[PDB]
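Undergrad: Before I ask anything, here's the sequence and the deposited coordinates:
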Amino acid sequence: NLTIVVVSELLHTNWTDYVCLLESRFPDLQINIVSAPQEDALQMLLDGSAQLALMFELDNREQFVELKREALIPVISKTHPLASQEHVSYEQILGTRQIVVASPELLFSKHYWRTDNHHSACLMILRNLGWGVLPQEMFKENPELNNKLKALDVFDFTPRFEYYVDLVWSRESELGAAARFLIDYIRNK
Amino acid sequence: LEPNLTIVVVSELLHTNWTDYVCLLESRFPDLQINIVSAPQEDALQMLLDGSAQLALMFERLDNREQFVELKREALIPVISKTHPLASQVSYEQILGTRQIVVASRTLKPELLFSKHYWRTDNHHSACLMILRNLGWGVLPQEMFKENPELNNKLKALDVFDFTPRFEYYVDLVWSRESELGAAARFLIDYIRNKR
């Protein structure tokens, strides 16, 4: 079999092309897609419980290849009181609960809730429990989200929200033919 | 310091309807930090035992160190992409020969496997994506279709003669009976116990 760990922060990005690539050449291969936070993901590469990892931007034992970038959007429920304004201030954002996906660069409110994936974060933002940053991909997969969520205008005092997705693997680990084909295919492209 | 409550939702239950319990807690304890994490059922249990989480959402089927109360049931349905080749022409033997996308916490007993060959994933978003790419059929919570109406445009329920298994989760609220539960977790437990 082939086990790929997609780190929890990247679950709701556009990653399935790489699995379709594997299945097209090796339809008999059993693929296992697991998800865990990044720190756990590296340990799975080292202990061999996963052969490949999809991570966002590593010691001497790992190698990687860059795949793609994924845009993220700060959003709030359209029925949240803050959504009635065309614009918002930093003071207002500071006083609004943020729903943060994590296990300086990402926290901008005094009060926050932590979750480990964007499905959980989205559900809570949809219940008006706060604002947060979600992958643009979620709005492509669920266009009705645009009817319920609105982009929050914080771009003048926040970094560009984005992931740079890498394919990562352990140098010393046994790699079957399928894992090597994907690595070689990506390197060639 | 600062009031906090971590609830672990086991991976298979991530795409069920659980946010009402979070909203009930937030309205009664507005100053409370509520952290929602997900993990395999076995990891969720260890989180209760080592204090990393105070409550767990699990589905029925635990040792004597845990206490639980049943919460609700969630329906799941076997689905396939409307553009899958099989979505034209379907017998049970064809389903046996079509890849299943199995969702299980990251050991598969035969009651979970309905086809000869399968892929494994640890959450229904991942499974749904691969079904959507025509990579197989699989069992998804009905809640996913409520949350994403696009799924009705792209997927359809399997209707196969001689294939009528019933798929449901019975959701339990679980805690460690030797752990310091704060007042907020105790409130939820007492609230559910009264509802019963």
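TA: In hand now; what should we look at? Residues are numbered from 1 along each chain as shown, chains lettered A, B, ... in the order given.

Undergrad: OK, contacts around residue A:56?
TA: For residue A:56, the residues meeting the contact criterion (C-beta atoms under 8 Å, 6 or more residues apart in numbering or on different chains) are A:7, A:9, A:10, A:38, A:70, A:163, A:164, A:165, A:166. Every C-beta, even on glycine, is put in place using the N, C-alpha and C of the backbone.

Undergrad: Distance check, residue A:40 against chain B.
TA: 10 Å (C-beta to the nearest C-beta, to the nearest Å).

Undergrad: cool, and residue A:140?
TA: Going from residue A:140 to chain B by C-beta to the nearest C-beta gives 10 Å.

Undergrad: Show me which residues of chain A sit near chain B.
TA: Within chain A, the positions lying close to chain B (C-beta under 8 Å from any C-beta of the partner chain) are A:6, A:8, A:11-12, A:16, A:19-20, A:23, A:28, A:30-36, A:111-117, A:119-120, A:123-124, A:127, A:129, A:141-144.

Undergrad: Kindly reformat the contacts of residue A:56 as TSV containing neighbour count.
TA: Compiled in TSV, the contacts of residue A:56 are given as follows (neighbours: other C-beta atoms under 10 Å in any protein chain shown):
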residue	neighbour count
A:7	26
A:9	24
A:10	24
A:38	17
A:70	20
A:163	18
A:164	12
A:165	22
A:166	19
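
Undergrad: Residue A:62: which of the residues you listed is nearest?
TA: residue A:166 (9.7 Å; C-beta to C-beta).

Undergrad: on contacts alone, who are the packing partners of the helix or strand hosting the closest one?
TA: According to DSSP states H and E, residue A:166 maps onto strand A:162-170. Contacts defined by 3 or more C-beta pairs under 8 Å, 6 or more residues apart in numbering or on different chains; DSSP states H and E place strand A:162-170 against helix A:38-46, strand A:52-56, strand A:62-77, helix A:177-188.

Undergrad: and the shortest one with strand A:162-170, angle?
TA: Read that as strand A:52-56. An angle of 150 degrees separates the directions of strand A:52-56 and strand A:162-170 when computed by axes from the mean of the first three to the mean of the last three C-alpha atoms, to 10 degrees.

Undergrad: In the sheet, which strands lie alongside strand A:52-56, parallel or antiparallel?
TA: strand A:2-6 (parallel), strand A:162-170 (antiparallel) (DSSP bridges).

Undergrad: And that strand, what's buried?
TA: Using 16 or more other C-beta atoms under 10 Å in any protein chain shown as the burial criterion, the residues of strand A:52-56 that qualify are A:52, A:53, A:54, A:55.

Undergrad: okay, now the residue nearest to the first one when sequence neighbours are not counted: neighbour count?
TA: With C-beta to C-beta, 6 or more residues apart in numbering or on different chains as the criterion, residue A:52 has its nearest non-adjacent residue at 4.7 Å, and that residue is residue A:4. Using other C-beta atoms under 10 Å in any protein chain shown as the criterion, residue A:4 is surrounded by 24 other residues.

Undergrad: isn't residue A:4 right next to residue A:29, touching?
TA: No - counting by C-beta atoms under 8 Å, residue A:4 sits too far from residue A:29 to count as a contact (11.2 Å).

Undergrad: got the angle for the strand holding residue A:166 vs helix A:38-46?
TA: Computed with the same axes, to 10 degrees, the direction of strand A:162-170 lies at 30 degrees from that of helix A:38-46.

Undergrad: Residues contacting strand A:162-170, please?
TA: Counting by C-beta under 8 Å, 6+ apart, strand A:162-170 makes contact with A:9-10, A:13, A:15, A:18, A:41-42, A:45-46, A:48, A:51-58, A:61-72, A:135, A:175, A:179, A:182-183, A:186, all of which sit outside it.
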